[PDB]
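**Student:** Pasting a structure here, questions to come.
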Ligand SMILES: Oc1ccc(/C=C/c2cc(O)cc(O)c2)cc1
Ligand SMILES: Oc1ccc(/C=C/c2cc(O)cc(O)c2)cc1
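The following block contains the structure:
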């Protein structure tokens, strides 16, 4: 009768809170210090002698030591079109994407749900964020089946978002959890390189650089407002979440879905673009909270690349350590796109707890989470750590 | 300092409300009573004599009289791969999709914004829902540029959702508008058939049926909680929004993104699946509100096809008229996927007002909005009409 009364009683009351986290990747670990050779070998670009040495240089300064990858030297054999620079292979890539994406996402979810300790039945919303794997019904549908979620879970299929999608989900999860009482949201960001992998091109360097970065791996996050005492354990609270487009950026990061898989460009000016726009976002989100010292807060930045980390650290003037967790994930996993920030969040708390610190935010109270991607989008999420 | 206080002051207070609507389609109107010939002509499937007559039969019982289409007999000439049943054409289709989708979406938005009367600067969120046109940054990015939206508008790129995406956006818009004070959301659902069009196959009937249904057209909807008196005009209020998966449905509606464009299947059992599951959703959403007579409320159903309309009307026992608006849109526009429901909502109020009725819901107070799509998803949105 009263849309006003229904509203008043059906809305959550507190801020969105991260209650559990889970992560998993393809078993196959690929070593970085020997990737340049492996790569030029299975692509048969050995005669590109120069480009090869040049690729080891890249792989070295990569700051990455390991990366999980579904694609194996075997899977690459049965798929010649995927080893070539540009060759019709969209169908093959998508089929691996569609099969493997939900599969790994479920492994991450199970771990998260086990931690959370609650019954799946309680999951009210589902946010599935993947770079690709287009099918109707989508990847989320498969996840519901595999996992056995409720047939009335409200779904949100985020396709082809970009490396900044990490903050996107949190931004979206916030409103879902905070507007509906008992809303418990499941975030699953599964990224797989089956669509971005291809052979080298003497003319396409941007593409050659991505081959040394992108890795595989999923992450499941349980989010919900008004934590049940004792039963549920809050880890972090979503305080605020902004998104922003930097002018003159479209040509920086991007790509298209072609018949030869996902193509992409990464302009060298990225670390700069971020560095020269990162402060405005910082102030925009911490001024309202009286924070001026960006060292008094913990950090979780999307490891788009080492250079980005060096530049932001250099501009904002952060002690080394601030980026220790972030770099730590990059080194053992590489750039799993939207998944990285949650592997870092998981790493931060897991360590803070094994260190005896007073909070999950490296003993600190406030922290910021970034996300960097296409059109040069920046997503600033402000977090509030939880005690003990 | 108090994530509890920030929350208390930054949240909207009333229910999400539709304040303006705008729609636009490709100028090119294609006549249905002569489509079977046109279609078999530009595809060069004239020798398929039987299939051709069979296609006119389909086109006739279609219940569609007109459909706007970007694709012209000229554009089809310069694109032989798109006239063939299955032929590598993903790149061409996507490029039209990417260029035309945002373009038409902006025309719809301008009209909506003009109506709303407020400055664009006030648009806080952007929900872009299209069946395809994959690029990074995505179609939403382009819309921001074309339209001149703020560089900090929170974006939500809904790609490849399905014919049920109409309710999806409303479901999502609700939480956005209702959780953030002053949040004014822009919903743009632009659907274009450049990706689903192809030639006939003596073996692929499901595909032949879609060629007689799918049309072009965009729709922009302004949504926001706590209407400004006099300045803003509320049209409908979002009361509740559920989503549901019918067991044993995946094979009913669906499709994949292939190198030959978007493929799709439409199983004849759909009108049944809906009809035999439509009541549960109805009760689920109207019982809490004491509504038992589904004729005492106005209706806005996704015109997935005439048969679906006939079956639901037959099961629920609705006077003819209940589906008069819905069928009216289908006849002049066809199935523009996620756009249809908003062209119907626009049509309902536009007529109710020119009829002298007391509300925008055909003089009634409550109404329901449906959405039907892949994996056989049903989205039940309950609306509350606005006065005069
Ligand atoms: O598992 C994966 C992890 C990361 C990626 C990379 C995606 C991507 C594609 C682009 O067009 C732009 C880029 O900035 C991001 C692909 C697979
Ligand atoms: O403008 C357009 C309007 C509608 C469509 C149809 C999309 C579609 C594709 C499928 O796999 C399943 C189907 O149920 C829906 C495409 C373009």
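Protein chains in written order, with the deposited numbering: chain A, 2 to 389; chain A', 2 to 389. A prime marks a further copy of an entry chain. We put the beta carbon where it would ideally sit given N, CA and C, even for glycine.
(1) Where does residue 389 (chain A) land, buried or exposed, given buried means 16+ other C-beta within 10 angstroms?
(2) For residue 7 (chain A'), return the contacting residues in chain A, with the cut-off set at a CB-CB distance below 9 angstroms.
(3) Quick check on the burial criterion: 16 or more other C-beta atoms within 10 angstroms. Buried or exposed for residue 216 (chain A)?
(4) List the residues of chain A' that residue 162 (chain A) touches, going by C-beta distances under 7 angstroms, in chain order.
(5) Hey, could you find the ends of the beta strand (DSSP E) residue 187 (chain A') is sitting in?
(6) Quick one: does residue 85 (chain A) have its CB under 8 angstroms from some CB of chain A'?
(7) Please go through the same chain and pick out, in chain order, the residues whose beta-carbon is closer than 6 angstroms to the beta-carbon of residue 77 (chain A), but skip the five residues on each side of it.
(8) For residue 382 (chain A'), collect the residues of the same chain with a Cβ closer than 6 angstroms to its Cβ; drop the 5 residues on either side in sequence, then sort them by chain order.
(9) Check whether the Cβ of residue 332 (chain A) sits closer than 7 angstroms to any heavy atom of ligand 1, and report yes or no.
(10) Kindly indicate which residue of A':136, A':308, A':15 has the alpha-carbon position closest to the one of residue 252 (chain A).
(11) Specify the secondary structure class of residue 11 (chain A) as computed by DSSP and reduced to three states.
(12) When you compare the CB positions of residue 226 (chain A) and residue 178 (chain A), do they come within less than 8 angstroms of one another, or not?
(13) Report the three-state DSSP secondary structure of residue 110 (chain A') (helix, strand or coil).
(14) Does the beta-carbon of residue 254 (chain A'), which I'm using as the reference point, lie nearer than 7 angstroms to any heavy atom of ligand 2?
(15) By the 10 Å Cβ neighbour count, where 16 or more other Cβ atoms means buried, how is residue 277 (chain A) classified, buried or exposed?
(16) Based on Cα-Cα distance, which residue from A':105, A':158, A':375, A':294 lies nearest to residue 130 (chain A)?
(17) Could you spell out the range, first to last residue, of the beta strand (DSSP E) harbouring residue 206 (chain A)?
(18) Counting only C-beta atoms, is residue 235 (chain A') closer than 8 angstroms to chain A at any point?
(19) Of the residues A:387, A:5, A:26, A:221, which one's Cα is nearest the Cα of residue 333 (chain A)?
(20) Cβ closer than 9 angstroms: which chain A' residues qualify as neighbours of residue 173 (chain A)?
(21) Given a threshold of 16 other Cβ atoms within 10 Å of its Cβ, counted over all protein chains shown, does residue 405 (chain A) qualify as buried or as exposed?
(22) Run down chain A in chain order and give the residues with a C-beta less than 7 angstroms from the C-beta of residue 92 (chain A').
(23) Alpha helix (DSSP H) containing residue 156 (chain A'): first to last residue?
(24) Would you kindly check if the distance between the Cβ of residue 220 (chain A') and the Cβ of residue 451 (chain A') is under 8 angstroms?
(25) Can you determine whether any heavy atom of ligand 2 sits closer than 7 angstroms to the C-beta of residue 375 (chain A'), and answer yes or no?
(26) Excluding five sequence neighbours on each side, which residues of the same chain lie with their C-beta closer than 7 angstroms to the C-beta of residue 11 (chain A)?
(27) Give the secondary structure of residue 215 (chain A) by DSSP, where H, G and I count as helix, E and B as strand, and everything else as coil.
(28) Taking the beta strand (DSSP E) that residue 67 (chain A') belongs to, which residues open and close that run?
(29) For residue 366 (chain A'), which of helix, strand or coil comes out of DSSP?
(30) Looking at the unbroken beta strand (DSSP E) that takes in residue 291 (chain A'), where does it start and where does it end?
(31) Might you give, ordered along the chain, the residues of its own chain that have their beta carbon closer than 6 angstroms to the beta carbon of residue 375 (chain A'), omitting 5 neighbours on each side?
(32) Assuming residue 196 (chain A) and residue 98 (chain A) form a contact by the criterion Cβ under 8 angstroms, report the distance between their Cβ atoms to the nearest whole angstrom.
(33) According to DSSP, what are the bridge partners of residue 266 (chain A')?
(34) Using a C-beta to C-beta distance shorter than 7 angstroms, which residues of chain A' count as neighbours of residue 95 (chain A)?
(35) Does ligand 1 have a heavy atom nearer than 7 angstroms to the CB of residue 337 (chain A)?
(36) Buried or exposed: residue 5 (chain A), going by 16 or more other Cβ atoms within 10 Å of its Cβ?
**Tutor:** So, to answer that:
(1) Around the C-beta of residue 389 (chain A), fewer than 16 other C-beta atoms lie within 10 Å, and the residue is accordingly described as exposed.
(2) Result: 16, 240, 241, 289, 290.
(3) Residue 216 (chain A) should be labelled buried.
(4) Residues of chain A' passing the Cβ test: 158.
(5) Where residue 187 (chain A') is concerned, the enclosing beta strand (DSSP E) stretches over 185-192.
(6) Chain A' contact via Cβ: absent.
(7) Counting only residues of its own chain and dropping the five nearest sequence neighbours on each side, residue 77 (chain A) has a CB closer than 6 angstroms to the CB of 43, 84.
(8) Cβ-Cβ distances below 6 angstroms link residue 382 (chain A') to 168, 171, 242, 370 in the same chain, with the five nearest sequence neighbours on each side left out; the list follows chain order.
(9) In this structure, the C-beta of residue 332 (chain A) stays at least 7 angstroms away from each heavy atom of ligand 1.
(10) Closest by alpha carbon: A':136.
(11) Of the three classes helix, strand and coil, the one that applies to residue 11 (chain A) here is helix, per DSSP.
(12) In contact: residue 226 (chain A) and residue 178 (chain A) (Cβ atoms closer than 8 angstroms).
(13) If DSSP states are grouped into helix, strand and coil, residue 110 (chain A') belongs with the helices.
(14) If you check the C-beta of residue 254 (chain A') against ligand 2, you find a heavy atom less than 7 angstroms away.
(15) Residue 277 (chain A) should be labelled exposed.
(16) Of the residues A':105, A':158, A':375, A':294, the one whose Cα lies closest to the Cα of residue 130 (chain A) is A':158.
(17) Segment 206-211 is the alpha helix (DSSP H) holding residue 206 (chain A); no beta strand (DSSP E) there.
(18) Not one chain A Cβ lies under 8 angstroms of residue 235 (chain A').
(19) Out of A:387, A:5, A:26, A:221, A:26 has the C-alpha closest to the C-alpha of residue 333 (chain A).
(20) Residues of chain A' passing the Cβ test: 155, 157, 173, 176, 177.
(21) Lying outside 2 to 389, the shown extent of chain A, residue 405 (chain A) is not represented and no answer is given.
(22) Simply 259, 260.
(23) It is not in any alpha helix (DSSP H) - residue 156 (chain A') instead sits in the beta strand (DSSP E) that spans 155-160.
(24) No answer is possible for residue 451 (chain A'): it lies beyond the span of chain A', which begins at 2 and ends at 389.
(25) Yes, Cβ of residue 375 (chain A') sits closer than 7 angstroms to a heavy atom of ligand 2.
(26) The residues are 181, 182.
(27) The three-state secondary structure of residue 215 (chain A), taken from DSSP, is strand.
(28) Per DSSP, the unbroken beta strand (DSSP E) holding residue 67 (chain A') starts and ends at 67-69.
(29) Reduced to three states, the DSSP call for residue 366 (chain A') is coil.
(30) Looking at the DSSP string, residue 291 (chain A') is not in any beta strand (DSSP E), and its letter there is neither H nor E.
(31) For residue 375 (chain A'), where only same-chain residues beyond five positions count, the Cβ hits under 6 angstroms are 163, 254, 255.
(32) Correct: roughly 5 angstroms between the Cβ atoms.
(33) Residue 266 (chain A') pairs with A':255.
(34) What residue 95 (chain A) touches in chain A', judged by beta-carbon distance under 7 angstroms, is 258, going in chain order.
(35) Within 7 angstroms of the C-beta of residue 337 (chain A) there is at least one heavy atom belonging to ligand 1.
(36) The residue is exposed, with fewer than 16 neighbouring Cβ atoms inside 10 Å.
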